[PDB]
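The next block holds one structure in the form of structure tokens; read it before the comments.
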Amino acid sequence: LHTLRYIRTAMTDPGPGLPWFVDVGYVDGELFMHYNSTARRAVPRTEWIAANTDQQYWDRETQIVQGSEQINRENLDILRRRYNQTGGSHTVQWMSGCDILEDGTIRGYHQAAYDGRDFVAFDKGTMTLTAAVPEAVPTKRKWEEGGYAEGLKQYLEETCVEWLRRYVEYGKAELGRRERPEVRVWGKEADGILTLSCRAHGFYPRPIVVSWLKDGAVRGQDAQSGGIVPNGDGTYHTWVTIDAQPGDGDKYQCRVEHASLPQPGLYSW
Amino acid sequence: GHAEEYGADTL
Amino acid sequence: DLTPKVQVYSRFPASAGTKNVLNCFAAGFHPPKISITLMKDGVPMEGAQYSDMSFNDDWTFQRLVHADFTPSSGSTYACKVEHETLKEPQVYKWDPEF
Ligand SMILES: [Ca+2]
């Protein structure tokens with residue numbers, strides 16, 4: 001499974017020392033490109049993309065997002081006038097990209113949002129822009145009259161796939177790498193309750209299975225997971241907690257399942 | 001790998 | 001308007017003398033106008049790097065703040081998060097042994 005995702009944001013209040021327009025690209029959930037309204041240029045974020053792309057590619061990419069920046073700049077005023085709003089903090093969000101699944105076939109998407117709520121979504125099957133809100137009917141009329149659907153469905157099904165197929169090939173080692181996590185368990189006694197915490201430090205890829213084991217048997221009672229949180233170097237972190245009786249700290253163990261480990265690693269105090 | 005047609009973002 | 005979900009953690013397992021990186025990740029919030037600061041005993045930390053700021057499938061924003069540091073005994077490390085959803089600055093303390 002391989003995914004390509006391009007997300008854009010048009011802000012009214014960023015606010016101090018921050019750009020109003022931010023555009024970023026993703027390959028299998030990894031940041032590879034960045035664009036901001038202050039610098040006005042598309043920059044590489046990973047080593048595999050910069051070593052495999054020329055300046056002529058980035059000059060072409062900069063021109064595209066520069067035109068997209070001015071369209072989203074106009075969208076902030078058009079939507080404010082339509083909703084009859086005067087000033088304040090308003091946002092325009094764009095979600096575009098394609099996904100390659102295990103037959104499976106191709107899944108393409110192009111959807112927008114205003115003030116964190118769904119506005120419009122493109123349906124490649126019917127070749128029409130679906131309006132989610134009653135204020136999205138004037139958007140549907142102007143978008144379909146422009147004839148964008150004819151070129152957008154060809155992009156999401158062929159061009160988007162063609163770009164993603166080579167991006168995976170460029171960083172095949174950078175995406176297929178394995179990093180072993182540093183697992184450490186801790187115990188803290190509160191108001192007559194012993195809270196045990198298990199943390200995994202710097203693992204790659206993102207999928208991980210972390211569970212608790214009391215006296216050899218897996219116990220999910222009073223268990224809380226903080227999900228998968230990213231680090232500044234590309235690796236991932238996870239935090240799991242369990243509420244137990246005081247003095248029963250030695251009974252509990254942390255079961256960690258990852259691609260880097262051939263067998264599940266059991267960790268104790 | 002952005003789409004050439006940036007007009008598809010019009011609202 | 002949605003409230004931010006904040007988590008404070010270190011890159012490597014906490015140990016005095018050894019170099020580490022303090023992280024502060026906020027997610028599930030709207031609007032994107034957020035103020036995140038890494039602090040050492042109330043004083044803002046030096047050499048702090050801010051994320052490019054992305055958003056999830058449910059349109060909710062996310063930002064990560066990381067800074068290179070050496071954990072010292074007696075010092076209290078915390079993260080200050082300011083948002084329009086809260087009428088008070090939320091302080092999330094980092095525990096080296098939890
Ligand atoms: Ca062309």
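As shown in the structure tokens, the chain order sets the letters A, B, ...; within each chain, residues go from 1, and ligands are also counted from 1 in the order they appear.
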(Q) Taking 4 positions as the minimum chain separation for residues in the same chain, which residues sit within 9 Å of residue C:22 when counting only C-alpha atoms? Answer as a ChimeraX atom specification. (A) /C:8-12,38,65-69,77,94
Atoms kept (C-alpha atoms) for selection, written as a PDB file, in the first residue's frame:
ATOM      1  CA  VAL C   8       5.083  15.938  26.567  1.00  0.00           C
ATOM      2  CA  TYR C   9       7.835  13.316  25.995  1.00  0.00           C
ATOM      3  CA  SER C  10      11.600  12.925  25.322  1.00  0.00           C
ATOM      4  CA  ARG C  11      13.275  11.432  22.183  1.00  0.00           C
ATOM      5  CA  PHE C  12      15.596   9.143  24.241  1.00  0.00           C
ATOM      6  CA  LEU C  38       8.987  24.514  25.955  1.00  0.00           C
ATOM      7  CA  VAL C  65       7.910  21.589  19.019  1.00  0.00           C
ATOM      8  CA  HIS C  66      11.379  20.048  19.647  1.00  0.00           C
ATOM      9  CA  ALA C  67      14.560  21.383  21.346  1.00  0.00           C
ATOM     10  CA  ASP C  68      18.001  19.815  22.052  1.00  0.00           C
ATOM     11  CA  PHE C  69      18.765  19.717  25.824  1.00  0.00           C
ATOM     12  CA  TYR C  77      10.527  20.721  32.477  1.00  0.00           C
ATOM     13  CA  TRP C  94       7.236  16.373  31.821  1.00  0.00           C
TER      14      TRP C  94
END
Q: Please identify the residues whose atoms come within 12 Å of ligand 1, using only C-alpha atoms and all ligand atoms, and report them as a list in words.
A: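 With only C-alpha atoms and all ligand atoms and a cut-off of 12 Å, ligand 1 is contacted by residues 60, 64, 151, 155 and 159 of chain A; 2, 3, 4 and 5 of chain B.
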Any chance you could export the current selection's N, CA, C and O atoms as a PDB file, in the first residue's frame?
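Saved file part-v1.pdb follows:
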ATOM      1  N   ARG A  60       9.179  24.491 -11.742  1.00  0.00           N
ATOM      2  CA  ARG A  60       7.871  24.127 -12.287  1.00  0.00           C
ATOM      3  C   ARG A  60       6.867  23.986 -11.133  1.00  0.00           C
ATOM      4  O   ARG A  60       5.739  24.465 -11.249  1.00  0.00           O
ATOM      5  N   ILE A  64       3.256  26.453  -9.894  1.00  0.00           N
ATOM      6  CA  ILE A  64       1.949  25.826  -9.668  1.00  0.00           C
ATOM      7  C   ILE A  64       1.334  26.277  -8.333  1.00  0.00           C
ATOM      8  O   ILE A  64       0.186  26.730  -8.320  1.00  0.00           O
ATOM      9  N   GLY A 151      -9.917  17.247 -16.564  1.00  0.00           N
ATOM     10  CA  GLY A 151      -8.472  17.134 -16.348  1.00  0.00           C
ATOM     11  C   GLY A 151      -8.095  16.612 -14.959  1.00  0.00           C
ATOM     12  O   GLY A 151      -7.016  16.037 -14.808  1.00  0.00           O
ATOM     13  N   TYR A 155      -5.828  13.178 -13.816  1.00  0.00           N
ATOM     14  CA  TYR A 155      -4.688  13.392 -12.925  1.00  0.00           C
ATOM     15  C   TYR A 155      -4.689  12.346 -11.806  1.00  0.00           C
ATOM     16  O   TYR A 155      -3.758  11.550 -11.731  1.00  0.00           O
ATOM     17  N   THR A 159      -1.775  10.470 -13.697  1.00  0.00           N
ATOM     18  CA  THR A 159      -0.643  11.357 -13.380  1.00  0.00           C
ATOM     19  C   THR A 159      -0.186  11.231 -11.912  1.00  0.00           C
ATOM     20  O   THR A 159       1.013  11.091 -11.666  1.00  0.00           O
TER      21      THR A 159
ATOM     22  N   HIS B   2       2.500  18.034  -8.181  1.00  0.00           N
ATOM     23  CA  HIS B   2       1.261  18.814  -8.133  1.00  0.00           C
ATOM     24  C   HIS B   2       0.586  18.839  -9.503  1.00  0.00           C
ATOM     25  O   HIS B   2       1.267  18.730 -10.527  1.00  0.00           O
ATOM     26  N   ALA B   3      -0.749  19.005  -9.522  1.00  0.00           N
ATOM     27  CA  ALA B   3      -1.528  19.090 -10.757  1.00  0.00           C
ATOM     28  C   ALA B   3      -1.352  20.477 -11.373  1.00  0.00           C
ATOM     29  O   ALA B   3      -1.514  21.477 -10.669  1.00  0.00           O
ATOM     30  N   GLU B   4      -1.002  20.532 -12.681  1.00  0.00           N
ATOM     31  CA  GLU B   4      -0.779  21.761 -13.460  1.00  0.00           C
ATOM     32  C   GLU B   4      -1.922  22.769 -13.327  1.00  0.00           C
ATOM     33  O   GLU B   4      -1.671  23.970 -13.212  1.00  0.00           O
ATOM     34  N   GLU B   5      -3.171  22.271 -13.337  1.00  0.00           N
ATOM     35  CA  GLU B   5      -4.374  23.081 -13.213  1.00  0.00           C
ATOM     36  C   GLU B   5      -4.631  23.456 -11.747  1.00  0.00           C
ATOM     37  O   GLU B   5      -5.196  22.662 -10.987  1.00  0.00           O
TER      38      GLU B   5
END
Q: Write out as a PyMOL selection string the residues lying within 9 Å of residue C:26, counting only C-alpha atoms and excluding same-chain residues fewer than 3 positions away.
A: chain C and resi 4-7+29+36+61-65+81
Q: Identify every residue of chain B that has at least one atom within 6 Å of any atom of chain A, counting only C-alpha atoms, and report the result as a list in words.
A: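 Listed by rising number, the hits are residues 1, 6, 8 and 11 of chain B.
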How about saving the chosen residues, C-alpha atoms kept, as a JSON list (two decimals), in the first residue's frame?
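Wrote it out as out_21.json, contents follow:
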[["chain", "number", "residue", "atom", "x", "y", "z"],
["B", 1, "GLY", "CA", 3.94, 16.05, -8.33],
["B", 6, "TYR", "CA", -4.38, 25.19, -9.99],
["B", 8, "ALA", "CA", -9.42, 23.29, -9.46],
["B", 11, "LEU", "CA", -14.49, 28.23, -4.39]]
(Q) Can you tell me which residues surround stretch 192-199 of chain A at a distance of at most 7 Å, considering only C-alpha atoms, apart from same-chain residues fewer than 6 positions away, and format the answer as JSON, numbers by chain? (A) {"A": [183, 184, 185, 186, 238, 239, 240, 241, 242, 243, 244, 245, 246, 254], "C": [98]}
Q. What is the distance, in Å and to one decimal place, between atom CA of residue A:224 and atom CA of residue A:204?
A.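 Separating atom CA of residue A:224 from atom CA of residue A:204 is a distance of 22.0 Å.
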